[PDB]
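Presented below is the structure to which this report refers.
Each answer follows from the model by the rule given with it, or from the source it names; no laboratory read-out is quoted. Cβ placement follows ideal geometry from the backbone for every residue including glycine, while neighbour counts extend to all protein chains displayed.
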2 protein chains.
Amino acid sequence: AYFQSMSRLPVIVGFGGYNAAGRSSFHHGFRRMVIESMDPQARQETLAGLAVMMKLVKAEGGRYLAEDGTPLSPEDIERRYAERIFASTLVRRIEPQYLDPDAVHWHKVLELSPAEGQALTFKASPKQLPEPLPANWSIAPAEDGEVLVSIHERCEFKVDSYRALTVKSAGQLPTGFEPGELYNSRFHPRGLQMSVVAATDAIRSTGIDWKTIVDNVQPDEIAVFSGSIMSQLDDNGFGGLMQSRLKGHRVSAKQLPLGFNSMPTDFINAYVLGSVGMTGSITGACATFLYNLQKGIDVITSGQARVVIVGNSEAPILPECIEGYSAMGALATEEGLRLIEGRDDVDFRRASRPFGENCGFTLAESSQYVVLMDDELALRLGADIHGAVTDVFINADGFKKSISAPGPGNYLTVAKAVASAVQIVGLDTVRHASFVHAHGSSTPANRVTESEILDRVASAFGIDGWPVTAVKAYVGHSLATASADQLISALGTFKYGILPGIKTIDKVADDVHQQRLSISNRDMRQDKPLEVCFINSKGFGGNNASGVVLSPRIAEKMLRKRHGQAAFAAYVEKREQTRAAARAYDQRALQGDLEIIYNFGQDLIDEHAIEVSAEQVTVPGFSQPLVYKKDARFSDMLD
Amino acid sequence: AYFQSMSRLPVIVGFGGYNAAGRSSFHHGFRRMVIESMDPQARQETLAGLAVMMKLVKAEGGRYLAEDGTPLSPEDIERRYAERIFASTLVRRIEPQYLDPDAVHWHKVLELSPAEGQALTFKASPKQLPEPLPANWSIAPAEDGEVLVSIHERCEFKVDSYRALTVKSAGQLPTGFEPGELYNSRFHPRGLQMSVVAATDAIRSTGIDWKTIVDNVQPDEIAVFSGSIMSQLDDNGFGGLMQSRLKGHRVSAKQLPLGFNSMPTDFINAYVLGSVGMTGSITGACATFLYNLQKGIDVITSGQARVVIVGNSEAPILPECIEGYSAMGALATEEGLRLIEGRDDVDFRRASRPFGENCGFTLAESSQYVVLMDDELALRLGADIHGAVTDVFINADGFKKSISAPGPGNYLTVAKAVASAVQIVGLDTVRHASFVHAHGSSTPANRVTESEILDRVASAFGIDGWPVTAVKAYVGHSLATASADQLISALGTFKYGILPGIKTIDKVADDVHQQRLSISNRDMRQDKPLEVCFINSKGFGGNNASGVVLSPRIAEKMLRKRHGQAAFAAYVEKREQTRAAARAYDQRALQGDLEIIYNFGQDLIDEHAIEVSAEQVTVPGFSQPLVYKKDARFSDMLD
Ligand SMILES: [Cl-]
Ligand SMILES: [Cl-]
């Protein structure tokens, strides 16, 4: 260290995934969020794609069929289905495919006592009786292998019972879209299904054959960083691990391994990419994706990896997660929303109200990935550029009281992020062509503390009217994946020049600090295109992060400057072909033809054919040898 | 990228923690593992310290008292207590303070049916009855607020029952040592208690006031990387989250946040160090510590951080974890060991038999930390050097079938690790003064697959008689913390020149690949001091890592070469004082005076006093301003 020398620039060459707004690739999810602001062709295309995903129309030979068989144009689909599509996307009341928020199962303790008046007696299979038999219970032989049991003392049974959750809303994938139906997903937790399906969307969005990418780098130069913050807590993962015996049965052979928080990452190496490269799963509570992204940037700038898949997968819409967050007072409850609305019949579509009158966050599911390459490899392959990522800063809070309360670290991350952007694009561009993807979690603490940080950093850097957007208004809070939802939305702003409004609020709460911020409940189109986005995130445990994302225009200027006009022109030619391939994928995806990659048990490396020498390793299936890298770090310390 | 320029060297300036061998700092745990090979003063000192930890003797005014009050010398302690100390440390049968492995609670499903012969009737409190009331049940009023219930149809109750686990053994902290008693640990999961207590041991082992360290760096230049792979699954964490309602009660306000796998890290920032610096928790299954260590090395070499606390905390000795791993066939069972021994009364102290006849790993608890500094800061502060860490390589397995089966990535990590060491210390030193801390998990698959990798890398680099040691023989497999147990043991080999034997095996299994390896069941002392250790690790999910650790001698030669004789002499003088301070801590720790740091609710930063400008941030409580770092990475892409 001291300072970093000239380095590879991380460019975003693909992105994809799924959240409550739909499919992320090609900006479809973004378009759903700003659907009314899009032109009709873009809107109708996205609506048609949602209709297919949701099984509202049948994709038949490039056309669309109603339940009647009636052929529909995209214009007809908007007329006929827009209301249903809108009602069955974004934050909304929790639907039965997850749970019934008025009837979740638990066990009550039922204390049964006998007394002088009536016997407490039953017949039972002896194999179902407690072991050892409770000493006070009577047992006698009965017919058909059963025994006659009588109880003489108070004891505790557990009985099935049903209760209502105080929280009724969540950010849910579009109703009817089922990731598990898209590949051989038997026994996989929902978070793993979502990771597999999202990863394929991201990889195919590049318009480049994965084989071509692998053939162009060393085997160790591919990296994947993903994971969840909860672990996979459904029945097929740690839910089964922790609950099976309390429900009367054994733990399965797969519940423990498939529950690990690294499995969204591990499944991508094992079944999607077939990578022998770098891997890891980094958590930082609700800033987790930016923690993974920091690692991704660092491995590119240090030269360790040239292709990086960075993302997360979280599927936390489960009664235990909801109760766990509720127990902290963290979530928007029905009663909380009743107070804000001043009526009993709440609009759960407005449960998430960043910077407005609000009362806690809304839990959501999402899996999102970006594909990064170094600039030189992107240039070589004709990879498209959706943006560039230059830094992520992470700072804890110092000493704390409550571990989950907000703290000062986010001052440091935002300040450092802005300063870093000034060095790269200049003060004027930061002042007049940057925006903030606010953490915007929809809590009274966040709206005050986050706005105060942004306002004070704005003042320090001489920014006024700093545009702020809050993706959680649309898709809720997907925990690990939250800042990936932010990043991907940001890319849509670069594409279409629209800053999504916070449409769920009627006005900004009176206690929000606004002097230097522009927070709107309407979509906005800036005269001067936005060139830089600051992604802001935080979580429990003194976790804070801010990321810097540059637009395609800025990134292209940078590649042109470094590589020159001849090399850039050659890149442009190759990129016309990769753009055509990507568009063809988007067209298939619109039709529901997603071709999920799940390569279980295929193309396994024969380890006995790995060749190791003192100069390199040859790995079966990889055309490029892994040549050990010459080290200059400590050369002055030697001899 | 392309290649890294001259860089800061990560040096190990402190280390500490707790596992089945005892306190890690000052090599006490190491000494327990090679206790019979130590000289009597070192052995008796460690035994006395264990005796105090285990409450077998009372530390009274620098002396030691038996239950009788009889004063004891360390020589007397060895005579009187060695047998008990040995029996109550290391891998052994699971003790009651964890669970009874012949009587773990669960619920059986008890199907109660009535028939023509006897009524099924009981009185109950109506508040304990299912909601809604099962439609077929009869209810009538009764005395004292209770109701009379009768059942007419088969239904399912859950009843308490007790079962035996097939696994009876684990690596357990020394019997009598209780981390929770050492600080205000109310409502903390065991893994968090262990993290807090281990972190203090590591920090105090440096012999430098934490304040002095903080005063010498910028606020963002401190980093902490830790975590667990399971999450905290005990009652106070995700166990309570996932089980409360199945046991009849509500989830608490703390079970969810304190269960997160990042909390071992978050607690250190919040309550131990008061850091506003970098943070993160990286998982890679049973290679996790090396994944955290890779991040630690990278932040030092890139200049992002100057002081890094790297470690892990795992406390997985819980019925659900044991059953979950057993369900995979991963653990050594009593029946498995009976087959190896050919008798029914198994020696559970030999449950873990790396490279011998064996039958699965042994689950263990451990929390371990190392304190890293860049070489320049270490020089400035007179920090001691226990070793240096130059690289960690991580490689996945490519396409897989079973996600938990072994794969080829570890070929790549070991090969790259060895090549990297050759560049730094030369081929001769690698060939004749290096050793391997084998993953050595005690499974039939591992003993073959790992030995084949090591043998084939040895052949490639012309190594013969490559010494191999396996720490899991002593302390079992602590999951996230496993490779920290390895690293810390390695430091002991550097200190004392002893390579611990695999004492639990009688000979190496016939299928182990040994041509170029030296695997012994006895402690060994090499004529030529060992200078380099390769730490090898792997886990489920296609996770593999290998780390390179250099001895103090090598690291000192390197610092002398870079910084020169005058600067090194000044360092030596300061280091005499820091060594004296560290020794004084070790003396207090021997007496049970550990002074655990837990600074809840104290010294909180007043966020309104944070000052942000376009040049720097001033943070209350930190003498050094955070000055934004000048970036040269992309300068050629600008203007
Ligand atoms: Cl908010
Ligand atoms: Cl083994």
**Prompt:** Based on what the data block shows, is A:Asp201 outside any loop (DSSP other than H, G, I, E, B), among the acidic types (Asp, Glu) and in contact (Cβ under 8 Å) with a residue 60 or more places away in the chain?
**Reply:** yes
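The rows are residues; the columns are (1) under 20 Å from the mean Cα position of the chain (by Cα); (2) of a type in the set (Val, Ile, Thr); (3) under 26 Å from A:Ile394 (Cα atoms).
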residue	(1), (2), (3)
A:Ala287	yes, no, yes
A:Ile297	yes, yes, yes
A:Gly311	yes, no, yes
A:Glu320	yes, no, no
A:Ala330	yes, no, yes
A:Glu334	no, no, no
**Prompt:** Within the stretch A:295-326, restricting attention to residues that are more than 7 Å from chain B (Cβ to nearest Cβ) and of a type in the set (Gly, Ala, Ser), which residue is farthest from A:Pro406 (Cα to Cα)?
**Reply:** A:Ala305
**Prompt:** Just one of A:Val251, A:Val276 is among the β-branched types (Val, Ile, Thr), part of a loop (DSSP other than H, G, I, E, B), facing chain B (nearest Cβ under 9 Å) and farther than 25 Å from A:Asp298 by Cβ; which is it?
**Reply:** A:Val251
**Request:** Determine the pairs where a residue that is in contact (Cβ under 8 Å) with a residue 60 or more places away in the chain and under 23 Å from B:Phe267 (Cβ atoms), located within the stretch B:236-255, has a partner that is acidic (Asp, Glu) and crowded, with 17+ Cβ neighbours inside 10 Å with Cβ atoms under 8 Å apart, the partner being 6 or more residues away or on another chain.
**Result:** B:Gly239/B:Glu320
**Asked** Is it the case that A:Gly303 is away from ligand 2 (no atom under 16 Å from the Cβ), at positive phi and part of a loop (DSSP other than H, G, I, E, B)?
**Response** yes
**Asked** Just to be sure, is A:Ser489 of a type in the set (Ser, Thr, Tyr) and surrounded by 19 or more Cβ atoms within 10 Å (Cβ to Cβ)?
**Response** yes
**Fill in**
For the stretch B:585-639 the number of residues that are more than 7 Å from chain A (Cβ to nearest Cβ), more than 29 Å from A:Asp391 (Cβ to Cβ) and part of a loop (DSSP other than H, G, I, E, B) is 8
**Request:** Determine which member of the set A:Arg431, A:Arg447 is more than 9 Å from every other protein chain (Cβ to nearest Cβ), of a type in the set (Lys, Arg) and within 16 Å of ligand 1 (Cβ to nearest atom).
**Result:** A:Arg447
**Prompt:** What strands (runs of 3 or more DSSP E), lying completely within the stretch A:92-180, carry at least 2 residues that are farther than 30 Å from A:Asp235 by Cα and not acidic (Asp, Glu)?
**Reply:** A:120-124, A:138-141, A:147-151
**Message:** Condition check: in contact (Cβ under 8 Å) with a residue 40 or more places away in the chain, within 9 Å of chain A (Cβ to nearest Cβ) and part of a helix (DSSP H, G or I). Does B:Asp220 satisfy that?
**Reply:** yes
**Fill in**
Of the residues in the stretch B:289-301, those that are closer than 24 Å to A:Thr301 by Cβ and in contact (Cβ under 8 Å) with a residue 12 or more places away in the chain come to B:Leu290, B:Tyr291, B:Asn292, B:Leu293, B:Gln294, B:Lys295, B:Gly296, B:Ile297, B:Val299, B:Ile300, B:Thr301
**Request:** Can you tell me which residue within the stretch B:366-384, out of those that are surrounded by fewer than 24 Cβ atoms within 10 Å (Cβ to Cβ) and away from every other protein chain (no Cβ under 13 Å), is farthest from ligand 2 (Cβ to nearest atom)?
**Result:** B:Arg380
**Asked** Say we look at the stretch A:83-111 and pick out the residues that are surrounded by fewer than 17 Cβ atoms within 10 Å (Cβ to Cβ) and closer than 18 Å to A:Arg31 by Cβ; which of these is farthest from the other protein chains (Cβ to nearest Cβ)?
**Response** A:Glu83
**Message:** Can you pull out every residue in the stretch A:174-200 that is in contact with a strand residue (DSSP E or B) (Cβ under 6 Å, 6 or more places away or on another chain), hydrophobic (A, V, I, L, M, F, W, C) and either under 25 Å from A:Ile85 (Cβ atoms) or not assigned by CATH to the domain that holds A:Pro96 (or both)?
**Reply:** A:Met194, A:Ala198
**Request:** Answer yes if at least one residue in the stretch B:449-459 is under 20 Å from B:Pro406 (Cα atoms) and under 22 Å from the mean Cα position of the chain (by Cα), and no otherwise.
**Result:** yes
**Item:** Failed condition for B:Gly382, given (1) assigned by CATH to the domain that holds B:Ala580; (2) touching a helix residue (DSSP H, G or I) at 6+ places or on another chain (Cβ under 7 Å)
**Value:** (1)
**Message:** Among (1) within 16 Å of ligand 2 (Cβ to nearest atom); (2) within 12 Å of chain A (Cβ to nearest Cβ); (3) part of a helix (DSSP H, G or I), there is one condition B:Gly336 misses while meeting the rest; what is its number?
**Reply:** (2)
**Message:** Residue under question is A:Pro625, and the condition is that it be within 22 Å of A:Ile213 (Cα to Cα) and free of Cβ contacts under 8 Å to residues at least 60 places away in the same chain; does it hold?
**Reply:** no
**Item:** Residues of the stretch A:279-294 satisfying the condition of being within 7 Å of another protein chain (Cβ to nearest Cβ) and either aliphatic (A, V, I, L, M) or out of contact with any strand residue (DSSP E or B) (no Cβ under 7 Å at 6 or more places or on another chain) (or both)
**Value:** A:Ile282, A:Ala285
**Prompt:** Does B:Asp220 satisfy being acidic (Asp, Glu) and touching a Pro at 6+ places or on another chain (Cβ under 6 Å)?
**Reply:** no
**Item:** All positions within the stretch A:415-459 that are in contact with a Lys or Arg (Cβ under 7 Å, 6 or more places away or on another chain), of a type outside the set (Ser, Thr, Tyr) and surrounded by fewer than 22 Cβ atoms within 10 Å (Cβ to Cβ)
**Value:** A:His432, A:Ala433, A:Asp455
**Fill in**
Every listed condition ((1) within 13 Å of chain B (Cβ to nearest Cβ); (2) touching a residue at least 40 places away in the same chain (Cβ under 8 Å); (3) in contact with a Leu (Cβ under 7 Å, 6 or more places away or on another chain)) holds for A:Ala164 save (3)
**Prompt:** So which of A:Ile424, A:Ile394 ends up being more than 29 Å from A:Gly191 (Cα to Cα) and either in contact with a strand residue (DSSP E or B) (Cβ under 6 Å, 6 or more places away or on another chain) or away from ligand 1 (no atom under 16 Å from the Cβ) (or both)?
**Reply:** A:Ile424
**Asked** Any residue at all in the stretch B:349-365 that is more than 16 Å from ligand 2 (Cβ to nearest atom) and surrounded by fewer than 24 Cβ atoms within 10 Å (Cβ to Cβ)?
**Response** yes
**Prompt:** Of all residues in the stretch B:447-477, how many are within 19 Å of B:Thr362 (Cα to Cα) and either more than 16 Å from ligand 2 (Cβ to nearest atom) or of a type outside the set (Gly, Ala, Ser) (or both)?
**Reply:** 10
**Complete:** So, first residue over 14 Å from B:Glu452 (Cα atoms) in the stretch A:605-620, second residue among the β-branched types (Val, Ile, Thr) and surrounded by fewer than 16 Cβ atoms within 10 Å (Cβ to Cβ), Cβ within less than 6 Å, six or more apart or across chains; the pairs are A:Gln616/A:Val627
